[PDB]
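Engineer: entry_16.cif (mmCIF, C-alpha atoms) pasted underneath:
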```cif
data_target
#
loop_
_atom_site.label_atom_id
_atom_site.label_comp_id
_atom_site.auth_asym_id
_atom_site.auth_seq_id
_atom_site.Cartn_x
_atom_site.Cartn_y
_atom_site.Cartn_z
CA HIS P 163 17.22 4.77 -6.08
CA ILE P 164 20.55 4.39 -4.14
CA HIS P 165 22.68 1.26 -4.81
CA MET P 166 21.88 -1.61 -2.40
CA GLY P 167 24.00 -4.50 -1.03
CA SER P 168 21.22 -7.05 -1.62
CA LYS P 169 18.08 -7.04 -3.79
CA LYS P 170 14.55 -7.05 -2.32
CA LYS P 171 10.98 -7.46 -3.62
CA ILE P 172 7.93 -5.62 -2.31
CA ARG P 173 4.34 -5.31 -3.61
CA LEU P 174 1.43 -2.94 -2.94
CA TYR P 175 -0.18 -4.13 0.37
CA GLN P 176 3.26 -4.41 2.04
CA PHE P 177 4.11 -0.76 1.17
CA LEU P 178 1.02 0.87 2.80
CA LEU P 179 1.39 -1.13 6.08
CA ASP P 180 5.19 -0.44 6.04
CA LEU P 181 4.52 3.31 5.33
CA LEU P 182 3.45 4.11 8.93
CA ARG P 183 6.06 1.85 10.59
CA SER P 184 8.97 3.21 8.46
CA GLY P 185 9.96 6.08 10.80
CA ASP P 186 8.70 8.69 8.33
CA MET P 187 5.78 10.84 9.63
CA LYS P 188 2.35 9.22 9.10
CA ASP P 189 0.91 12.15 7.10
CA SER P 190 -0.41 10.23 4.04
CA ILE P 191 -1.80 7.13 5.79
CA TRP P 192 -2.73 7.13 9.46
CA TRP P 193 -4.33 4.65 11.91
CA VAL P 194 -8.10 4.86 12.53
CA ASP P 195 -8.27 2.07 15.01
CA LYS P 196 -5.40 0.23 16.79
CA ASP P 197 -7.33 -3.01 17.59
CA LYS P 198 -9.54 -3.22 14.46
CA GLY P 199 -6.61 -2.33 12.22
CA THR P 200 -8.54 0.16 10.12
CA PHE P 201 -6.18 2.63 8.41
CA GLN P 202 -7.40 5.90 6.90
CA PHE P 203 -5.94 7.36 3.67
CA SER P 204 -5.51 11.18 3.63
CA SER P 205 -7.67 12.73 0.85
CA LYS P 206 -5.22 15.52 -0.15
CA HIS P 207 -2.14 13.27 -0.22
CA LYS P 208 -3.60 10.39 -2.36
CA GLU P 209 -2.00 11.66 -5.61
CA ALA P 210 1.27 12.56 -3.82
CA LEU P 211 1.58 9.05 -2.24
CA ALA P 212 0.87 7.39 -5.60
CA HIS P 213 3.23 9.84 -7.43
CA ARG P 214 6.09 9.15 -4.93
CA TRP P 215 5.75 5.38 -5.58
CA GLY P 216 5.44 5.99 -9.36
CA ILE P 217 8.62 8.12 -9.47
CA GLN P 218 10.26 5.54 -7.13
CA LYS P 219 9.42 2.85 -9.77
CA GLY P 220 10.65 5.07 -12.63
CA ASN P 221 10.25 7.87 -15.19
CA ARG P 222 8.54 5.75 -17.91
CA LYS P 223 5.31 4.57 -16.22
CA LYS P 224 2.83 6.67 -14.21
CA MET P 225 1.07 5.47 -11.07
CA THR P 226 -2.01 7.30 -9.80
CA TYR P 227 -4.81 6.80 -7.22
CA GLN P 228 -7.22 4.94 -9.57
CA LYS P 229 -4.48 2.66 -10.77
CA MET P 230 -3.52 1.85 -7.15
CA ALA P 231 -7.22 1.55 -6.11
CA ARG P 232 -7.98 -1.09 -8.80
CA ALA P 233 -4.90 -3.10 -7.64
CA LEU P 234 -5.59 -2.49 -3.89
CA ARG P 235 -9.28 -3.51 -4.16
CA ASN P 236 -8.26 -6.82 -5.83
CA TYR P 237 -6.66 -8.01 -2.52
CA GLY P 238 -10.22 -8.10 -1.01
CA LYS P 239 -11.24 -11.45 -2.57
CA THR P 240 -8.16 -13.06 -0.89
CA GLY P 241 -8.86 -10.99 2.25
CA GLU P 242 -5.35 -9.79 3.20
CA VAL P 243 -6.58 -6.15 2.94
CA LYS P 244 -10.37 -5.57 3.27
CA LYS P 245 -12.36 -2.54 2.03
CA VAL P 246 -14.75 -0.52 4.25
CA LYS P 247 -17.90 1.37 3.16
CA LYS P 248 -15.77 4.52 3.34
CA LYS P 249 -13.52 4.21 0.22
CA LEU P 250 -10.37 5.71 1.81
CA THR P 251 -10.59 3.28 4.79
CA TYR P 252 -9.16 -0.28 4.60
CA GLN P 253 -8.45 -2.80 7.33
CA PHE P 254 -5.63 -5.31 7.34
CA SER P 255 -5.60 -9.02 8.28
CA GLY P 256 -3.63 -10.65 11.15
CA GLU P 257 -0.83 -12.10 8.99
CA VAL P 258 0.04 -8.73 7.32
CA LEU P 259 -0.16 -6.83 10.64
CA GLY P 260 1.87 -9.55 12.40
CA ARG P 261 4.65 -10.19 9.86
CA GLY P 262 6.35 -7.79 7.43
CA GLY P 263 9.26 -8.33 5.07
CA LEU P 264 9.91 -9.74 1.60
CA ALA P 265 8.86 -12.85 -0.32
CA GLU P 266 8.80 -14.01 -3.96
CA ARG P 267 5.67 -15.67 -5.38
CA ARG P 268 4.17 -15.69 -8.91
CA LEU P 269 0.91 -13.89 -9.73
CA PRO P 270 -1.01 -13.05 -12.97
CA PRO P 271 -0.97 -9.42 -14.26
CA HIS P 272 -3.94 -7.27 -13.11
#
```
Show the structure stored in the file as structure tokens.

Structural biologist:
Amino acid sequence: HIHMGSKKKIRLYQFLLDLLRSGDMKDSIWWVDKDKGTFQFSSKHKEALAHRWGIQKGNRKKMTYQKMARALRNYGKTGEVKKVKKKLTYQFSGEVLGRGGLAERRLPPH
């Protein structure tokens, strides 16, 4: 939405870290712990956050909490975003906390 001067690529882990730092109010995702880098997802707003991204992507395809969770969990083996024993809590690695932006790299479908 809204025509842009240049094209950009983002993907799921980038969006949730960017969400807080965007200048929008941190209602859907908030910080647990500034040094640990645990972030807490708000229980009420899980569908709304996923729906906003889904309608940002387009009319045709839905995106929902499960669909996001299956994709989000899959980062854990690489270790960029790590799960906690509380499902709605993840913590983020040094590289993702340190640097934010855009990149293009190939990946298989989920």

Engineer: Could you check which of P:269, P:179, P:191, P:172 is closest to residue P:219, using only C-alpha atoms?

Structural biologist: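 Going through P:269, P:179, P:191, P:172 one by one, the smallest distance to residue P:219 is for P:172.
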
Engineer: For atom CA of residue P:206 and atom CA of residue P:190, determine how far apart the two atoms are, in Å to one decimal place.

Structural biologist: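 Between these atoms lies a distance of 8.3 Å.
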
Engineer: Could you list the residues chosen by the PyMOL selection byres ((chain P and resi 251) around 12) in this structure as a ChimeraX atom specification?

Structural biologist: /P:191-195,198-205,231,234-235,243-250,252-254

Engineer: How about saving the chosen residues, C-alpha atoms kept, as a short mmCIF file (atom, residue, chain, number, x, y, z; two decimals), in the frame of the given file?

Structural biologist:
```cif
data_model
loop_
_atom_site.label_atom_id
_atom_site.label_comp_id
_atom_site.auth_asym_id
_atom_site.auth_seq_id
_atom_site.Cartn_x
_atom_site.Cartn_y
_atom_site.Cartn_z
CA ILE P 191 -1.80 7.13 5.79
CA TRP P 192 -2.73 7.13 9.46
CA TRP P 193 -4.33 4.65 11.91
CA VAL P 194 -8.10 4.86 12.53
CA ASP P 195 -8.27 2.07 15.01
CA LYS P 198 -9.54 -3.22 14.46
CA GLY P 199 -6.61 -2.33 12.22
CA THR P 200 -8.54 0.16 10.12
CA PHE P 201 -6.18 2.63 8.41
CA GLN P 202 -7.40 5.90 6.90
CA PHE P 203 -5.94 7.36 3.67
CA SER P 204 -5.51 11.18 3.63
CA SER P 205 -7.67 12.73 0.85
CA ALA P 231 -7.22 1.55 -6.11
CA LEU P 234 -5.59 -2.49 -3.89
CA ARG P 235 -9.28 -3.51 -4.16
CA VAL P 243 -6.58 -6.15 2.94
CA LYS P 244 -10.37 -5.57 3.27
CA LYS P 245 -12.36 -2.54 2.03
CA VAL P 246 -14.75 -0.52 4.25
CA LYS P 247 -17.90 1.37 3.16
CA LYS P 248 -15.77 4.52 3.34
CA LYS P 249 -13.52 4.21 0.22
CA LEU P 250 -10.37 5.71 1.81
CA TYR P 252 -9.16 -0.28 4.60
CA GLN P 253 -8.45 -2.80 7.33
CA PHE P 254 -5.63 -5.31 7.34
#
```

Engineer: Atom CA of residue P:240 and atom CA of residue P:182 are how many Å apart?

Structural biologist: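 Between these atoms lies a distance of 22.9 Å.
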
Engineer: Could you list the residues chosen by the PyMOL selection byres ((chain P and resi 176) around 12) in this structure as a ChimeraX atom specification?

Structural biologist: /P:171-175,177-184,234,237,242-243,254-255,257-265

Engineer: Under the rule that only C-alpha atoms are counted, which of P:188, P:165, P:222, P:229 is the nearest residue to residue P:207?

Structural biologist: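 Ranking P:188, P:165, P:222, P:229 by distance to residue P:207, first place goes to P:188.
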
Engineer: Mind giving me the straight-line distance from atom CA of residue P:163 to atom CA of residue P:221 in Å, one decimal?

Structural biologist: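 Separation between atom CA of residue P:163 and atom CA of residue P:221: 11.9 Å.
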
Engineer: Identify which of the residues P:164, P:226, P:239, P:232 lies closest to residue P:214, counting all atoms listed in the file when measuring atom-to-atom distances.

Structural biologist: P:226

Engineer: Please report, as AutoDock Vina command-line options, the centre and edge lengths in Å to one decimal of an axis-aligned box covering all listed atoms of stretch 217-229 of chain P with 4 Å per side.

Structural biologist:
```
--center_x 1.7 --center_y 5.4 --center_z -12.5 --size_x 25.9 --size_y 13.5 --size_z 18.8
```

Engineer: Closest to residue P:233 among P:213, P:272, P:208, P:267, using all atoms listed in the file?

Structural biologist: P:272
